[PDB]
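Order of writing sets the chain letters: A, B, C, D, E, F, G, H and I. Residues in each chain are counted from 1.
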Amino acid sequence: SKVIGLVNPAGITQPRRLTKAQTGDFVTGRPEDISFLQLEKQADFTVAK
Amino acid sequence: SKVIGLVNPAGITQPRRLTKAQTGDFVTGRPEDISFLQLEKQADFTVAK
Amino acid sequence: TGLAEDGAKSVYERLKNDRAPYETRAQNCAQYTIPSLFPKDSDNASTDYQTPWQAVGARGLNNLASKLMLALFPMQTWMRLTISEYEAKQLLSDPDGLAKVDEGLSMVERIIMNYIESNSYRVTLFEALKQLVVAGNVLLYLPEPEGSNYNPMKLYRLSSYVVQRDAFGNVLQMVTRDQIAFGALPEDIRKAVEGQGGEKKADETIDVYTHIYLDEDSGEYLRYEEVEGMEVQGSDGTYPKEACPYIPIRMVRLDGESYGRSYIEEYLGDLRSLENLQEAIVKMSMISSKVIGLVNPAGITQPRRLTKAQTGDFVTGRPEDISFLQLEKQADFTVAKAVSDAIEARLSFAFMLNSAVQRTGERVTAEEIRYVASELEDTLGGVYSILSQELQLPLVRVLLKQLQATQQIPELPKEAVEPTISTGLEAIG
Amino acid sequence: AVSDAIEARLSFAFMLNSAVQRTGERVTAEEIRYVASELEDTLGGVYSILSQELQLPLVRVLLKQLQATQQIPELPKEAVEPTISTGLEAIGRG
Amino acid sequence: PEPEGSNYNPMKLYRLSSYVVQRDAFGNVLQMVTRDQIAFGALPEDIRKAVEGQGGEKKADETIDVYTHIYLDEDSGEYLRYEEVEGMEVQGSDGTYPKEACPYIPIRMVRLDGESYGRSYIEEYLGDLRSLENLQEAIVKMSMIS
Amino acid sequence: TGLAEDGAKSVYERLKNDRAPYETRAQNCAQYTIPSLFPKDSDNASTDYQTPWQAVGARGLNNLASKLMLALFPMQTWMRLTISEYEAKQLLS
Amino acid sequence: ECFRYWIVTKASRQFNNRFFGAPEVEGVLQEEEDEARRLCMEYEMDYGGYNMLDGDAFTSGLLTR
Amino acid sequence: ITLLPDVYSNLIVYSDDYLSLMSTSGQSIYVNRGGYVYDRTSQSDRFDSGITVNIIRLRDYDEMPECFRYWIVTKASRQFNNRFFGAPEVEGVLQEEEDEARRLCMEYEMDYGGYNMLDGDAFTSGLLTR
Amino acid sequence: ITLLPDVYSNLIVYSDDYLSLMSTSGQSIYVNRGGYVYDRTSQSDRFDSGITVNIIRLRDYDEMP
């Protein structure tokens, strides 16, 4: 339950454009550049549960 | 909920033609040029829920 | 003269500052639930109240008022008058005395209800319940009945009236503003305002303030009506606390606050989240419901041929050249909708939206009123327990004394003239 | 998907038929009271509001006109002009 | 209308465009006027002689507007009714309606304070109605392209 | 005669300007539910009221009016005449 | 300034193609011109500030409610 | 930042030091005509009381973040090698070095910016109110 | 760590030693302008009572792990 946006430094997308832009605003960037940190323990959760 | 149109800068497509065009208007561009920023946290959402 | 020393308007304007926070909240609750119900003071006759993006609030507000009114005022008798402090001599002996008074008390109650329904009290009471849910509180005033006339009870919105309370919770003073046209003024008021000076047209609107205050000398409540700073002579009168026809009713009481708070305000922070989520969903669909043909410039296909050609016309081109702009937020749509559904279900039980038995009611039934009543206690808190006690009982007291002078009272022994009153569920059986 | 969702909100607000009243081939007092209760569940209280503003005045005017046509056997005006109740109490025998 | 005997007497319905009303914040009616355009031949006999008494030849198919104004008398709380044709009051048409029993029944579905008129039930859900209008319009149009 | 001093002609005109927002609302509301119920002043005999793109408003408007009529005005009695010659003495004596 | 750089780096690449061809200089200037072109696009989107919800002609009327 | 016009001339100077001139809102309405700021939407280059805009202003090589200094050098190193003594062996290395230099500078940019999508965001901040 | 201005001048020095300045929490505001610490948001290069920032300072080849 924690949001962290992992911006790929080799990417073109810059968070300053994303945060300042309003809803439905065209922003220069690429979707693969933006990613989010995720907990990978899916197998560990099902065995623990 | 927030909509952000991530336009690939290397792409042909320009947002000016997209916005000015009426409904059912042919606009020079490519579909893969335009993309939208999405929150990809699905594993986190399902484990938290 | 105590509180009335400043006047009726000076105290009214002085107390606006305390009323202002409650007005702001009441407008906010309205904005997300049927905004026409509580309108802003500035807005009038050209407002075009915008519908909320979410419809749970408007549906929930109507449901709570409908459910409350069913339990609060059932079709069957909902008032019971009981006698105490002398039942010892009346219960043990005199079997005939008990039968006579019970019929007599039943005579009063049925006559009371005929006055309620014939005078269109129910239609005004339902309006109060809707205003209680969205706004903090409402004041209900019962004017005296004169002769044989149809006199609807007068409800006052939170903006119209003011009332002051201490930490104890009793009413210190209350002031009410009322807008009446000069032509519509009664005989006493119109002659007084004309004596003030000038000529008033019929369409001209003036404000009247009725101040009800607790003088230091005695516990009686004195009320006076003033027009443009001068009191009309016939307005002055002294009323006891129990028999005051000016009834301020608060749904959610807080210690040290003169005003109640709305039920919705606890969920208003949640309808705000629901409205934002539903606002984006419709706006995303508005983007989606747009046709843009993305022609690949490196392609062969030219839109001039496609548009000019008739149906079933061979046109030189390639299908891959033509493409259409699409909204890509598929993952974001399902997460936003998933949260919105969870919020809606959360609000469903809060507003009593889902109830299978309550959905189908063919007629009013004694057990059904109790079942409606029980649900208002299991959920929704104890508003029925508290709001009705602040509402139903004072209406019975004030109406009883007003009608008792007008109505004929037979020979009734000792406490039978003034029986103890039970309301709500506890009077159903 | 969105248009269907919007339709659901409007269908409930306008009381679009869900076999609530379409079922049945007869009109009875019980069905009328069922609709009267439903009209208070939704639509705020327009059934009550119209009862004061439409149902009540309409009776009062016709009562005066019908008074001239039919002479009430009882001379007193109260018997001539009885108090009028136009709510759910009017629906049904009593 | 008045029963006027056993003859058939239908209720007359005035659309919001036809009539007008003024109210105070109290909710009571101050003054109100209804506009009725009726052909000269179809005019009532009392109205017909008034128009003829006014002067000027009128064709039968030509329609003359009639105004029925009821207002509170400032001296006494009684409704006063009169009709005017072409700015001239109809003689003998003047009458004092009984207090709070005038045959005109102004009706507002939704009552708002400080507002002389009333609002429809649809306007509460007009927005959801027009949003559905936009969505279904595009759905049909996309089917037209296909 | 202060209210009628201008005459019904003038008082109609000034107060008509008050109802101008309301007839605008009704026309806008009608445009989406059924354009026929509330038509504009200008259009007449050649209107050709375009159908709404959604029929929910039309389907709901007719249903709403019908439901009201059944409860408000059925064939059964819908006014109750309650006699009270006195407030309490009528039944006693 | 974004466009002034692009014009120069485009003219610089054009200069050696036509008149005096240097293979390694062309290789880099091609990459540089693509990078310069990309930046001028980002300038235009930042300058334009185009909005699909309210900015555009069509959807703006739809959202008004 | 506020650009102030000369009260006598009434027009602002758009000097070459101004790398970029953009309006704070979504749509930028200021362009250059004759070296002076020009309002294209208003068809007027005469301003009164000044304007509020977003400007990128040129700085020296110093008065720069240190993380950016190596990227400036590494890019300039590539061109300088390319223009005068173009050696493929060193050119390949510098291209790899420049890509790492850009990666670090973006890493600096996110660290410096501290952008928050929940509360720093213009749109989303209003939504989080409860 | 705090940076204190000169009492008379009210200016802090952005020395060549300082490899980076960043604000403690986020959205770093202090930037170099003319060799002195400049607060871009407040548009003032004059400070009093000092400022609290995160500093990377140069060290020798030694003193490094």
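Going forward, a residue touches a chain if its C-beta (ideal position, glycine included) is under 8 Å from a C-beta of that chain, and two chains touch if they have at least 3 such contacts.
Here is each chain with its UniProt name: C = Portal protein.
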Overlap of the chain D and chain H neighbour lists contains C
Higher number of C-beta pairs in contact (E-F or C-G) found for E-F
List the centre-to-centre spacing of chain B and chain H in whole Å, with centres computed as mean CA coordinates. 25
I'd like the Å distance between the centres of chain E and chain H, where a centre is the mean of that chain's Cα atoms. 67
Measuring centre to centre with CA averages, how many angstrom lie between chain F and chain G? 61
How many Å are there between the centre of chain B and the centre of chain F, using C-alpha atoms for each centre? 48
Check: chain C (Portal protein) positions touching at least 2 other chains come out as 34, 45, 48, 50-51, 55, 58, 114, 118, 183, 202-203, 276, 280-287, 289-291, 328
Among all residues of chain G, those touching at least two other chains are 38, 41-42, 45-46, 48-53, 55, 58, 62, 65
Contact pairs between chains, per stated definition: A-B, A-C, A-G, A-H, B-C, B-E, B-G, B-H, C-D, C-E, C-F, C-G, C-H, D-E, D-F, E-F, E-G, G-H, H-I
Under the definition above, what is the set of chain B residues touching chain A in their complex? 1-9, 15, 18-19, 35-41, 43-44, 47-48
Listed in rising order, the residues of chain G that touch chain B in the complex are 34, 37-39, 41-42, 44-45, 48, 50-53, 55-58
Chain H contact footprint on chain C (Portal protein) (complex, rising order): 269-270, 272-273, 276
In their shared complex, chain G is touched by residues of chain C (Portal protein) numbered 50-51, 283, 286-287, 289-290
Note which residues of chain D are touching chain E in the complex, please. 2-3, 6-7, 9-10, 13-14, 43-44, 46, 49-50, 53-54, 57-58, 60-61, 64-65, 68-69
